[PDB]
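Just the one chain here, laid out as structure tokens, in the form deposited in one PDB entry.
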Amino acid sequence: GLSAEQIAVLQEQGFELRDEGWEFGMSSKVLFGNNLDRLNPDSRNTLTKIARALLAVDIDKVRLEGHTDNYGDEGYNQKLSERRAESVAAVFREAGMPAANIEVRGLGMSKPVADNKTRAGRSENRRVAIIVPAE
């Protein structure tokens, strides 16, 4: 389980404890914009600070999951979700996180957090999740 100086850091960064562990989503929109899986460089820093802060307190084990809405090919949403997840993973590596400690899952359309019949609904399902397991 996580130590008190860690949990606090997680809380500070915007993490919320859920069933699979501590979770913090960012929208694809903010993360990539018009790109497919290239991060615009502002989101890169945002993702660097985050990773640096976590490693600072010996959190060094994260899972990254990316989802899409249901619009589009089913096969493509899987790849995209996985590639987009990996894009973020590469920023964690480049900051000091043991690659063996990073897990990457493409979850495609299958796992939404909103009704997929709204511009703010569908744009909410387009996201990448940062997960520290509470193990």
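Start at 1 with the first residue shown and count on from there. Rigid core (definition): largest C-alpha set, two forms, superposition within 1.5 Å.
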*Greater mean Cα temperature factor according to the PDB record, 68 to 76 or 36 to 44*: 68 to 76
_Of 96 to 104 and 79 to 87, the stretch whose C-alpha atoms average the higher B-factor in the entry_ = 96 to 104
_Quick check on the deposited entry: does the C-alpha B-factor of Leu31 sit in the lowest, middle or highest third of its chain?_
lowest
*Compared with the other modelled residues in the chain, in which third is the CA B-factor of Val57?*
highest
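What comes next is about the form deposited in another entry, which is not displayed.
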_Rigid core fit then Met26 CA moved by 2 Å or more between the shown form and the other one_ = yes
*asked:* When the rigid core is used for the superposition, does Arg83 move between the shown form and the other one (threshold: C-alpha shift of 2 Å or more)?
replied: no
_Using the rigid core as the reference frame, would you say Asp42 shifts its C-alpha by 2 Å or more between the shown form and the other one?_
yes
*asked:* Can you confirm the direction of the Cα distance change for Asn35 and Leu80 in the other form, closer or farther than in this form, given it is 3 Å or more?
replied: closer
*Closer or farther apart in the other form, the C-alpha atoms of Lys61 and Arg18, for a change of 3 Å or more?*
farther
